[PDB]
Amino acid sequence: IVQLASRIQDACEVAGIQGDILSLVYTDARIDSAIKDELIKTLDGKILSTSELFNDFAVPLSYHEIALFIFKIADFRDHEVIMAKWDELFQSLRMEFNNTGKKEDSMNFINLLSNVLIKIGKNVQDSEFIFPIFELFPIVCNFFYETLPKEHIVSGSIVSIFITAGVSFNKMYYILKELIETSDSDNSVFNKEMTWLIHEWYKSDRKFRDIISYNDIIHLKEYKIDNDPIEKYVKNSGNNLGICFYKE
């Protein structure tokens, strides 16, 4: 169905993905112990093509994260195919969620969902084709909100995923800023996240406190392009915020 390029020189990286498939296969309760033995033999024994891993394993077993990792290793870039795979990921997650309106169930789901995206993002964030933040961020927002009780969704729940996945506060800020000013809709949700982001940046980064005061931060209760403290500072001292700051 989908044809990915393979290179002999990438065998060691392909081996890594086969190890990851192997681990999933090992715990996969849908698979027969005898077949497992065989798949393990295969997966540890030789190097399959990317096309093979995708179409013979990731697709049939519905290992969506693996599919995304194969895309990355194969230098596959097609946006539609990629976001379609992300979509399958989200929907399979929706399938396993138990929506009782219980605060704990909401928390647990939010947790497992976050862990899943954090893990995948740690592996693929260095790629703007496989981890297109500008497009994934709104998708995660919509997803949370289609799924959970509004009253169970804490500000920061979305943006922190990307931060923890390894996106710089800097990059995340500029992307969310462009999301906010580029939408003719409410933005209330984008705004709370941005508010959370900036407060997190402040209390995390002395180099960022060294620029804006405790007072100039406690004011920001809900973000606005004019409320933007980073904006203000730059309208005075330039747009050099220093090198990228990541979460520790």
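From 1 onward, residues are counted along the sequence shown.
Higher mean CA B-factor, judged across 123-131 and 81-89 from the recorded values: 123-131. Stretches 32-40 and 59-67 differ in mean CA B factor, with 32-40 having the higher one. Per the PDB record, residue ranking by Cα B-factor puts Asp228 in the highest third of the chain. Among the modelled residues of its chain, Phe97 has a C-alpha B-factor that falls in the highest third, as given in the PDB entry. Compared with the other modelled residues of the chain, the Cα B-factor recorded for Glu151 ranks in the lowest third.
Looking at the C-alpha B-factors along this chain, the one for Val234 belongs to the highest third. Per-chain ranking of the deposited C-alpha B factor places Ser23 in the lowest third.
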